[PDB]
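Single chain ahead, by itself, as structure tokens, in the form deposited without this ligand.
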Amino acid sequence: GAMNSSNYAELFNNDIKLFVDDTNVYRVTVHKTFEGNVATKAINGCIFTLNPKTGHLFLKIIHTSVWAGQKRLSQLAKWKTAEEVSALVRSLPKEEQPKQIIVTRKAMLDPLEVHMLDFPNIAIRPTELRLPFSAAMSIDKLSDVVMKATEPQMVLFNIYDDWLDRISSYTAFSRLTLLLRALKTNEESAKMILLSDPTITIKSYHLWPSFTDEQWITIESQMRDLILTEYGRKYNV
């Protein structure tokens, strides 16, 4: 059934699983037409498919051409997501295929279930967690590869950089969701925190800066402060 606070440690056991987040698949800018009506212009998007144990991120990049001449794009986006994820599972060797796929939004359950009928033994699950994966396009290197794509493409990342050399996947996932929660609540502030010190850099093969353990604790404190702040600024407390 659904994934929640009570069964949180299952994310880090040794059964292969993937999160799928579809919130950045269909992206638009809304603008006025010469006649003063409103229209949308699609921009490139991405499916965010993440192994929470290993950090392996399968970024399937959704080029605007896939929407040409289609109707009801928000509904099509869920099915295209399910179509791309099922193609990815087929692409992977049997022993790498997931035993569960957790979708971050319940409207992905039926599209994915239907695309995965060939895999009766892969559990398709919702979650009650409010995860912040929509903020993946606030990671500069991910946003850049999405916006530069001229055709469909799947780029592979480790969203944990080398953190697992020093910390467990539970701690790595907690750090990731704190960073992304901060970027979602106040992107400018969050990015200022991450980059204010020019001496700590992002390796070419990494997404986040090369913080020492001590520096991560400071960073993590700063991100909690930010989220608490915004929560007051927002609610006046």
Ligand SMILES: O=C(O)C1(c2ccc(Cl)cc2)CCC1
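Residue positions are given as counts along the sequence shown, with the first one as 1. Between two forms, the rigid core is the largest collection of C-alphas that superpose within 1.5 Å.
Using the rigid core as the fitting frame, the root mean square C-alpha deviation in 9 other deposited structures of this protein is greater for 30-38 than for the other of 30-38 and 49-57. Annotation: of the segments 228-236 and 4-12, 228-236 departs further from this form in 9 other deposited structures of this protein (C-alpha atoms, root mean square over structures and residues, core superposition). Set 20-28 against 6-14 and average the Cα temperature factors; 6-14 ends up higher. In this entry, 128-136 shows the higher mean Cα temperature factor of the pair 72-80 and 128-136. Of the residues listed, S189, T54, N44, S168, the entry assigns the biggest Cα temperature factor to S189.
Ranking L176, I193, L207, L59 by the C-alpha B-factor listed in the PDB entry places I193 at the top. Among the modelled residues of its chain, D144 has a C-alpha B-factor that falls in the lowest third according to the deposited record.
Annotation for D118: C-alpha temperature factor in the highest third relative to the rest of the modelled chain, per the entry. When the CA B factors of the chain's modelled residues are split into thirds, the value for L50 lands in the lowest one. In the PDB entry, a CA B factor belonging to the lowest third of its chain's modelled residues is recorded for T64. When all modelled residues of the chain are sorted by CA temperature factor, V38 is found within the middle third.
Below: the form deposited with this ligand bound, not depicted.
Three or more atoms of this ligand, overlaid from where it sits in the deposited bound form, fall within 2.4 angstroms of backbone or C-beta atoms of the displayed form, which makes the pocket blocked. Mapping the unseen interface onto this chain, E128 counts among the residues with a heavy atom inside 4.5 Å of this ligand in the deposited bound form. None of the heavy atoms of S134 is located within 4.5 Å of this ligand in the deposited bound form.
Taking non-hydrogen atoms only, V20 never approaches this ligand to within 4.5 angstroms in the deposited bound form.
In the deposited bound form, this ligand sits within 4.5 Å of a heavy atom of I102.
Residues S5, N7, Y8, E10, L11, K17, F19 of 5-21 are found to place at least one heavy atom within 4.5 Å of this ligand in the deposited bound form.
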